[PDB]
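Undergrad:
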Amino acid sequence: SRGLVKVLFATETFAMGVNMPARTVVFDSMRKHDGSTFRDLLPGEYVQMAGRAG
RNA sequence: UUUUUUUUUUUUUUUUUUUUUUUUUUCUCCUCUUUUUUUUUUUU
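Letter by letter, the first sequence follows residues 652 to 705 of the deposited numbering.
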């Protein structure tokens, strides 16, 4: 919150919704592990993960 | 190359009292033999 930490590594416990967004967001993978079907992401998830940068 | 969420040890406390040991049965009941009754007296 106070900006004293630069690089953060987080799973979906912090991704899909937050206030106080940083400037940049990066994705290290294209897929995800839901409840044992091993699907890929969908626009409803990418909008939330990437929609908080400003 | 396997993410996200599923609460926990019932609440309460600042009520008066002018009595007194026990406690409650058992029925009438043939006494055998020398006597009148001796007696003063003195040594404690």
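Just so you know, even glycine gets a beta-carbon here, dropped at the ideal spot from N, CA and C.
Return the chain-ordered list of same chain residues with a C-beta closer than 8 Å to the C-beta of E696, the five sequence neighbours on each side being excluded.
TA: Locating residue 696 in the first sequence gives position 45, where the first residue counts as 1. Around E696: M667, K683.
Undergrad: According to DSSP, residue 721 sits in a beta bridge with which residue or residues?
TA: Missing from the structure shown is residue 721; the chain here goes from 652 to 705 and no further.
Undergrad: Between the alpha carbons of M681 and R703, how many angstroms are there, rounded?
TA: Walking along the first sequence from the start, residue 681 turns up at place 30. Walking along the first sequence from the start, residue 703 turns up at place 52. Distance between the alpha carbons of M681 and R703: 18 Å.
Undergrad: If I follow the unbroken alpha helix (DSSP H) through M671, where does it start and stop?
TA: For the purposes of this step, residue 671 is identified with residue 20 of the first sequence, where counting begins at 1. From DSSP, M671 is part of no alpha helix (DSSP H); its letter is neither H nor E.
Undergrad: Name the DSSP beta bridge partners of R682, please?
TA: The residue labelled residue 682 in the question sits at position 31 within the first sequence. Answer is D691.
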